[PDB]
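From first to last, the protein sequence lines are chains B, C and A.
Going letter by letter, the first sequence gives residues 3 to 145, 156 to 242, 258 to 280, 301 to 408, 411 to 467, 470 to 484, 492 to 584, 602 to 640, 646 to 664, 686 to 712, 715 to 807 in the authors' numbering.
Going letter by letter, the second sequence gives residues 397 to 408, 411 to 467, 470 to 484, 492 to 584, 602 to 640, 646 to 664, 686 to 712, 715 to 807 in the authors' numbering.
Going letter by letter, the third sequence gives residues 191 to 242, 258 to 280, 301 to 396 in the authors' numbering.
Ideal placement from N, C-alpha and C gives every residue a C-beta, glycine not left out.
To keep things clear, I will list the structure first and then write my remarks on it.
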Amino acid sequence: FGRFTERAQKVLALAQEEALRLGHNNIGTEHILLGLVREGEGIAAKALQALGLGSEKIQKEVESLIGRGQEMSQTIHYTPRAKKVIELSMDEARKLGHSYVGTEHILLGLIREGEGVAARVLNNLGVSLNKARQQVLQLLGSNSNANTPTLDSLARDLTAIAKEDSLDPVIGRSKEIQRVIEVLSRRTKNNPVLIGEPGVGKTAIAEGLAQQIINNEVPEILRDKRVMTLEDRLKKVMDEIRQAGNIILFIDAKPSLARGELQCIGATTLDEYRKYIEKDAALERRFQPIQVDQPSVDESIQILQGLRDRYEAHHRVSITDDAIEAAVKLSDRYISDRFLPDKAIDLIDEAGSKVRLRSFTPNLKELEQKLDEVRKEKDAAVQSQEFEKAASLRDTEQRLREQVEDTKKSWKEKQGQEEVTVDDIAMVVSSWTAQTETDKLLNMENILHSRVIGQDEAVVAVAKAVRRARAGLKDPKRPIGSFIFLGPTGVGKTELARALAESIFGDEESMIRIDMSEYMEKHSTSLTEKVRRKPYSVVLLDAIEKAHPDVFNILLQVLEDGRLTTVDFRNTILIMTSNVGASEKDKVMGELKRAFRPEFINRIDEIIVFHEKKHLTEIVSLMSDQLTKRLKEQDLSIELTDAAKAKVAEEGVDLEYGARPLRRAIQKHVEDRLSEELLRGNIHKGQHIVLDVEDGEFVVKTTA
Amino acid sequence: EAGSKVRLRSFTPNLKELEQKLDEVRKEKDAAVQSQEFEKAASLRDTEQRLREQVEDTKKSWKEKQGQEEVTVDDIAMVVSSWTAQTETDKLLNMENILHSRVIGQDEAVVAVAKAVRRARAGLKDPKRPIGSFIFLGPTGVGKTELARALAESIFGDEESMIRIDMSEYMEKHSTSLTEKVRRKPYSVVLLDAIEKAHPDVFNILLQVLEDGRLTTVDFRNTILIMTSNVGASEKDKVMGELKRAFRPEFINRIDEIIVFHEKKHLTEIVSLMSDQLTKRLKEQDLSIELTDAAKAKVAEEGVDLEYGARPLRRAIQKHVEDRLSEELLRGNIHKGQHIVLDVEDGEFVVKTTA
Amino acid sequence: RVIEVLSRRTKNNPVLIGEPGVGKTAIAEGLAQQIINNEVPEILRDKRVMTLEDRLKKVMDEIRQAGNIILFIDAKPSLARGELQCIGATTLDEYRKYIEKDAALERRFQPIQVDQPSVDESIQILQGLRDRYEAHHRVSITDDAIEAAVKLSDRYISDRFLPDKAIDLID
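Have a look at this one:
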């Protein structure tokens, strides 16, 4: 039912050897017992030799209670009892740290489930059940002043605990450690408080002192000193200390107070510590702080490999190195709202399962269903008996049994296909957040062009700017891009912002949009919510000419630092629109310098200017397509001929109003008309409906 | 802070490596011993202790790092600077040289401030009053603020130790300050922009600051107060006139000093400064870039228009350099960690490689 | 999405937010079934789902002392301490009012968006427990009737989750 020693495995199959040597048909607990004393060398075997139970004495009792011997041997199986007995030895070893079952555990497992034939062999051979579990025990085993009290667990001894050679690496935070020691010597602000964003690292700093005092370089009196860890036992143990003082306490979460000794290292948060020194002033006194910088990126990497081995526990890692490289780097800059050693680890785990998960996900379900009723059909008849009329049905259930197996044991065909390398690691991430990823970049223009018509002047400026920042050149703390979009309305200002979101951030809808009409007065308090919500989004502020010059002091701070105080923009693409040019490239850039404070205009990455028939009709088509899709959902199939989109487009030529009119004119010439046409009974819906122009007039046609 | 720290610089040669070595040994010895390989250890053991005594001999050679490791001042002044004399008075004697490297034109102003600070900072002015009380007159974007920064940087150590209020905010009988930011950093250039706007109430307060360098109960004796204004602007004599008429005299008279704020090759000198800040921050990301003088020229072309000045250069650098290098690295034309030069060819930008 | 948030080490413990509404509690019975037979990491096999004053730290001590446990709530926090591992069901906002507590919140526990079921999905839920509302004497059936219970609710009033509404009409 798993994997044991040879000795186990041999003793088990050895039960079968005995299954047959007597001719019986099911191997019960009595055979497992013969199995043990008959491999004569297992600890299990050894024990029995103690109680006075050779193979001779036993098999005589057993044959004296079963004997021959239907040679049937029709491919036998277990007793349900003995199957329990096996399930048990597995547990009689969890209960011993024995990572693998063996001859003893099976003997242990038999006693535990004493109801059965083995048990009686012995209660018959005058060998009560406990005298027996004893003998096995006495053949296996194991592996201090005030520590008495302390040494509950509460709260395990970092020191002697890592004196036993038993300690690993450990990677720091190497200068994080030593600052725990300037403080842990003083006589002033004596007891050090470990403040840093939670984790991991933190617990690792104290596992440091531990490592340091012991092997061995340290100073201002600190040798033979333990570091210990983790209400009706309270100050109890704490007195074993006011009477012997080789001990630092490591805390997690309170002060029963410096009534004297008490050396402790502080587990607390940026702010949580200000939940001590305010009520004061044991803080500015005893307790005293120090911060956990996020461990070195490269140090970050060789931290996992240490616990790589130990998560190998779920099946894939160890490896790949190329797999970890991911986890760590992704986090440091790509969200990017934790601490540089904790994050990475978490990611693995998503995948530190997500792969054994995806592993145990063919169409081989329905046989189970078939199989089910057969057994069922079998049962009903046997209690009706009707044997043959069923035994049919058993010979028949069983054909299907060994059937499914050879596609479930054919699923160690699936162990093989999952192996460690980045393959498994990064797919993990496709959730938590390269050829056709830089191709989006090199080919951005091609890409933005298929959505934004006309406006090549603008697209190429943005393409290149994004590509600049996105390639390493611009400072990362500042947004990806800061632009101002000048030009008339309904030209593509917003439309480009969408296409940017879609191409750059993945979703035509990952776009925050404020209307600065709302912020014209000294009430200019932003936005920061929506940016905390999605910190990866085109941030579009429409018509900034309206904002109170206050606002600019804020945006200015964003442009400079890409941060507010305390939101983050380093991942946004800020786009601010305006009518400042409008009426009107030189006369324009002029009205701009006169409308906006220069300090501001100068911190903007780029000023984009938005200036054909063929573009109108390209738009009409975009719009028309959004429509024909949302109708297909309502079982309506429509199509506009290129001739028809032309005729709609005619309705946005007048330079004065631009391309606004098109949405309305589409609903009028298409929506309104199709309704009136469906209602009047001319188009039997769910046929195919085309809108065309005939003699310069709109016409509706059908072609199912 | 120092009462362990030095006992520590004790506990920090690259003989970290020896022990590293000795390890591999035990194993061979040990693991060998499990295989035996006996005399294959005898000498192996011996090879071991050869090492060990060598180690311990140089591990106790650092009793010398003991006989070496003090106290004097320099230890402290560290501690201090990490909480916020020749090249400290040299900052003073040579202040002008120093302010000049940050503030361009404006020598009229710099020398006035240099000398004033140097007066107060030398024992002559009364210590309870700010280090310096100035008014900066002149047009916008000339260097008013810029000098205040450079002062902070040179005098107080940090181009950013500077409080800055906007007196637009204090035009009404609600004139209740500021004192927080000054309690926060009591050593900082305090810059009040456009004082022409303040309610004459405010002046009664500032006045108290100028006189006593104290409010009631904050302290300014360590600030450098600088107040700007457009009072001259439109317009040295016609100006000092519009000033006497705009500000109560009691006030103007307690101010240490009234300060007045009055090429292609400079643009490209700027482009280069900027470009250098960049090429450094990329070297960190294993990116080696260089602009030819020909290229910085072509960027500079983009800040000639007298109207907008030299603002455009930062953006145009990211566009013609950053954006382009990305697009160029991504398209796979520049195998990063080779040497990358940006040059102009036929009046157009070109990228070249020379590992 | 629960089992990721549960197979981790970082955000150990999951928390479902949506109108309350979508009988969030329904998703939880989900694990029981899959942890058993059996599609789930060997990282979680052999565990147990469960739900819910003087009986204080008593039984909770009698559990940290037994790691094989996952828990369900809708309302305390000795968080992260033991293997004390939760699954939380709490309103759109109420959670706002707990990570607002922070920051063992934003840490240990961690959320996923519960959907107001696809309208058709609604219908199927009804039938599965149709045979079980035969208790009040009139069902099973009629299908044609169920579709209404559901359908009218999504568009017509219009003040709940699309699976609670239905069953309420039915009852």
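Environment of residue i [buried if 16+ CB atoms lie within 10 Å]
i, result
"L531 (chain C)", "exposed"
"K771 (chain C)", "buried"
"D327 (chain A)", "exposed"
"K201 (chain A)", "buried"
"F711 (chain B)", "buried"
"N203 (chain B)", "buried"
"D396 (chain A)", "exposed"
"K750 (chain C)", "buried"
"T315 (chain B)", "buried"
"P302 (chain B)", "exposed"
"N157 (chain B)", "exposed"
"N412 (chain B)", "exposed"
"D259 (chain B)", "exposed"
"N651 (chain B)", "buried"
"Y611 (chain B)", "buried"
"residue 714 (chain B)", "Any question about the placement of residue 714 (chain B) has no answer from these coordinates, since chain B jumps from 712 to 715."
Residue i: contacting residues in chain B (beta-carbon distance under 9 Å)
i, result
"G465 (chain C)", "Correct list: empty, because the minimum Cβ distance to chain B is about 15 Å."
Chain-ordered neighbours of residue i on chain A, where CB pairs are closer than 9 Å
i, result
"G4 (chain B)", "None at all; the shortest Cβ gap to chain A is about 12 Å."
Where residue i meets chain B, residues with beta-carbon distance less than 7 Å
i, result
"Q418 (chain C)", "Near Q418 (chain C) there are no residues of chain B at all, since even the closest Cβ is about 14 Å away, more than 7 Å."
"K401 (chain C)", "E194"
Under 9 Å by beta carbon: chain C residues contacting residue i
i, result
"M690 (chain B)", "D757, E759 and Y760"
"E707 (chain B)", "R767, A768, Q770 and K771"
"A529 (chain B)", "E774, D775, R776, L777, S778, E779, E780, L781 and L782"
"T31 (chain B)", "Correct list: empty, because the minimum Cβ distance to chain C is about 40 Å."
Closer than 7 Å: residue i CB and nearest the ligand GTP heavy atom
i, result
"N202 (chain B)", "With respect to small molecules bound, the structure shown includes none, and the ligand GTP cannot be examined in it."
Contact set between residue i and chain A, taken where Cβ atoms lie within less than 7 Å
i, result
"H361 (chain B)", "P231, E232 and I233"
Under 8 Å from the C-beta of residue i: neighbouring residues of chain B
i, result
"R763 (chain C)", "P699, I702 and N703"
"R607 (chain C)", "Under the 8 Å cutoff, chain B gives no residues; its nearest Cβ is about 18 Å from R607 (chain C)."
Beta-carbon neighbours of residue i, restricted to chain C and to distances below 8 Å
i, result
"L499 (chain B)", "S778, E779 and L782"
The stretch 501 to 508 of chain B in contact with the stretch 519 to 526 of chain B per 3-pair CB rule at 8 Å: yes
Whole runs of the beta strand (DSSP E) within the stretch 717 to 745 of chain C, excluding any shorter than 3 residues: 740 to 743
The stretch 22 to 36 of chain B touching the stretch 75 to 84 of chain B, judged by at least three CB pairs closer than 8 Å: yes
Proximal residues, the stretch 214 to 238 of chain B versus chain C, C-beta separation under 8 Å: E229, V230, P231 and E232
4-residue-minimum alpha helix (DSSP H) runs that sit fully inside the stretch 321 to 366 of chain B, ordered along the chain: 321 to 324 and 344 to 358, all fully within the stretch 321 to 366 of chain B.
Proximal residues, the stretch 180 to 200 of chain B versus chain C, C-beta separation under 7 Å: Of all residues in the stretch 180 to 200 of chain B, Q190, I193, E194, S197 and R198 have a Cβ within less than 7 Å of some Cβ in chain C.
The stretch 566 to 574 of chain C contacting the stretch 697 to 709 of chain C, beta-carbon criterion three pairs below 8 Å: no
Interface positions of the stretch 775 to 791 of chain C facing chain B (Cβ-Cβ less than 7 Å), listed along the chain: Only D775, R776, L777, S778, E779, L781, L782 and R783 from the stretch 775 to 791 of chain C bring a Cβ to less than 7 Å from some Cβ of chain B.
At least 3 beta-carbon pairs within less than 8 Å: the stretch 259 to 279 of chain B vs the stretch 162 to 176 of chain B: yes
Touch test, the stretch 751 to 765 of chain C against the stretch 720 to 730 of chain C, Cβ-Cβ under 8 Å, three pairs minimum: yes
Short-range partners of chain B found in the stretch 742 to 760 of chain C, where Cβ spacing is below 7 Å: Answer in chain order: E759 and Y760.
Unbroken stretches of the alpha helix (DSSP H), 4 residues or longer, contained in the stretch 761 to 801 of chain C: If we require 4 residues or more, the alpha helix (DSSP H) runs fully inside the stretch 761 to 801 of chain C come out as 765 to 769 and 776 to 782.
Meets three-Cβ-pair contact criterion under 8 Å: the stretch 218 to 228 of chain B and the stretch 365 to 384 of chain B: no
Three CB pairs or more closer than 8 Å across the stretch 351 to 363 of chain B and the stretch 331 to 340 of chain B: no
Near-chain B residues of the stretch 325 to 353 of chain A - C-beta to any C-beta below 7 Å: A328 and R332
Interface residues of the stretch 509 to 525 of chain B facing chain C [CB-CB below 9 Å]: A519, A521, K522, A523, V524 and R525
Contact the stretch 169 to 187 of chain B vs the stretch 208 to 219 of chain B: 3+ CB pairs below 8 Å: yes
Positions along the stretch 539 to 560 of chain B whose CB lies within less than 7 Å of some CB in chain C: none
Given 8 Å, three or more beta-carbon pairs between the stretch 397 to 407 of chain C and the stretch 444 to 459 of chain C: no
Short-range partners of chain C found in the stretch 42 to 55 of chain B, where Cβ spacing is below 7 Å: none
At least three beta-carbon pairs within less than 8 Å, the stretch 573 to 581 of chain B to the stretch 620 to 627 of chain B: yes
Touching by the beta-carbon criterion (3+ pairs, under 8 Å), the stretch 101 to 112 of chain B and the stretch 3 to 21 of chain B: Note that the stretch 101 to 112 of chain B touches the stretch 3 to 21 of chain B; at least 3 beta-carbon pairs, one per stretch, sit closer than 8 Å.
Contact set between the stretch 726 to 739 of chain C and chain B, restricted to residues whose Cβ is under 8 Å from the partner: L730, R733, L734, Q737 and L739
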